[PDB]
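Everything on this sheet refers to the single structure shown next.
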Amino acid sequence: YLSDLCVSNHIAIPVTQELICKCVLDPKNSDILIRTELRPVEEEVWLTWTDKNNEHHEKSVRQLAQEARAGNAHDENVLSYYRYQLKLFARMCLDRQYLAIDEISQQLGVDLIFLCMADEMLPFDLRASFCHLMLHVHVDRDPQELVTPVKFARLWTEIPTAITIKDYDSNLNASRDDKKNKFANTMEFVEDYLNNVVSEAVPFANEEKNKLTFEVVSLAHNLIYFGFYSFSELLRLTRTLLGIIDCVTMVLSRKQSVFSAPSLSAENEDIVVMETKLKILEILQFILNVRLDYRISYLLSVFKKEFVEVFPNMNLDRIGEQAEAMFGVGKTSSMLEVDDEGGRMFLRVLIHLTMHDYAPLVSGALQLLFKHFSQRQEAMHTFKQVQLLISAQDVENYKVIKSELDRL
Amino acid sequence: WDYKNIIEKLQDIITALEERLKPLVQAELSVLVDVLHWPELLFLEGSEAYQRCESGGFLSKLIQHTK
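Taken in order, these protein sequences are the chains called A and B. The first sequence runs 633 to 673, 689 to 895, 926 to 943, 958 to 1003, 1022 to 1117 under UniProt numbering. Okay, so the second sequence: first residue is 1586 according to UniProt numbering, each after it adds one.
Here it is, written out as structure tokens:
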């Protein structure tokens, strides 16, 4: 009831959220709240709770899970209470509620939640609860910020004569590596879980596993959108993502339409499976946007090389041939392609997703299907939108003008 | 380097590329139309999705969702 109270219409309400955070986290009413700690016992997670009779009890999380599996009522009830507590905590931290986020981060660290997530002996739903808590408390915070897959502002001298996928990654690899150190273990766990899910047939067969994979896919989508995945890792992950959707505590908060082309100037019964498929589709759309960015960079590099060579007459035919090479006719761009079958797997997945009952999933599938065959037109339009600046001061002027115009 | 010359060359290359790739875009759209014509061919014959596509499930769903 409290968890539903904090959030209304899937959007966090600041006032009631603040009141609930103050009341639950107040020094009083600590008996109701379960306490989680780490003990050397390497380290293990232990839960200590104060019973309504004022008799304190302590037990390891693994012991509680084993007892619940054996069918003991007390441990199962304690675990369910802990899950509802975790859901309430996650609702408290929704929409970057710093007041409660700070205290909850002090109470629960990244390592503890990662250990709980990676402890498969614990129940699947409990692991999903820790996945949700990790996504909201830690991954979504002040240091993390959204990224733009396509940048229409380029600097003439910074543009390399030749660009490669390795160079494209290395462009931002320093920042990505320095920011990914905290969540590197989480990324590895997510990748391992996705590989395990895709390896098994009929991945969406167990409801608890369905919830866990939905949480994992949400975490992966968040991390990708904050820019914590390199381009190469994204191309490696897209194959697995297509494999999962290969033909054989839920909040539906929607951000800016994922299925939107870059621009220079700006309740189903099985709804869990449909939502994870939709998240996978959003990830695939983001990957396609990064591919478009790489193609634009390649075109810009070719143009700059030709201009510098000609002007220390331009061979437009060679430029046209090079720009045609990327579109997938040749094997040079086979790396860019997100499918190993030449797009047959992607097209089949889109067709199998287009007739699903869920409406947002069908809309996304149709938009992706239409975007698939417009690679050339989209690339040309994106290149036309691109602007080149030879001075860094010009870049700063463009940035300030863009900010002012967007705000106005 | 000259900014005006760079801009002029950028416009020239953009125009040349735009003129060059129109028939390829038209061919891609035609291939999309052809694929939409026979959606089942992509799927395996024994698959139920193939049967639905052959009977018009895909196109019927598209028509229903368009409105």
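Think of the CB as a built atom: it goes at the ideal place given N, C-alpha and C, for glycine as much as any other residue.
query                                                                                                                    : result
Spatial distance of A:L711 from B:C1638 (CA atoms)                                                                       : 50 Å
Backbone secondary structure at A:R801 - three-state DSSP                                                                : strand
Ranges of the alpha helix (DSSP H) found wholly within the region 1611-1637 of chain B, counting only runs of at least 4 : none
Exposure of A:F851, with buried meaning 16 or more beta-carbon neighbours within 10 Å                                    : buried
Cβ pair A:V844, A:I962 closer than 7 Å                                                                                   : no
Chain-ordered neighbours of B:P1608 on chain A, where CB pairs are closer than 7 Å                                       : Residues of chain A passing the Cβ test: none, with the nearest at roughly 10 Å.
CB contact flag (A:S988, A:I810, <7 Å)                                                                                   : yes
Which of helix, strand or coil DSSP assigns to A:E958                                                                    : coil
Reduced DSSP category for A:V708 - H, G, I as helix; E, B as strand; rest coil                                           : helix
Neighbour list for B:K1652 in chain A, Cβ cutoff strictly below 9 Å                                                      : The contacting residues do not exist; B:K1652 stays about 12 Å from chain A at best.
Proximity of A:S877 and A:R982 at Cβ, strictly below 7 Å                                                                 : no
Minimum C-alpha distance to B:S1640 - residue among B:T1651, B:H1622 and B:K1652                                         : B:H1622
Interface partners of A:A852 on chain B, CB under 8 Å                                                                    : Within chain B, no residue comes near A:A852; the closest Cβ sits about 17 Å away, beyond 8 Å.
Within-7 Å CB hit, A:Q976 to chain B                                                                                     : no
Reduced DSSP category for A:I892 - H, G, I as helix; E, B as strand; rest coil                                           : coil
A:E691 - partner residues in DSSP beta bridges                                                                           : A:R671
Selection of the region 1023-1042 of chain A by Cβ proximity to chain B, strictly under 8 Å                              : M1023, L1025, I1028, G1029, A1032, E1033 and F1036
For residue 901 of chain A, the first and last residue of its enclosing alpha helix (DSSP H)                             : In the model shown, chain A runs from 895 to 926 with nothing in between, leaving residue 901 of chain A without coordinates.
Which listed residue (A:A715, A:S662, A:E714 and A:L694) has its alpha carbon closest to that of A:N701                  : A:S662
A:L755 - DSSP class collapsed to helix/strand/coil                                                                       : coil
B:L1602 (DSSP reduced to helix, strand or coil)                                                                          : helix
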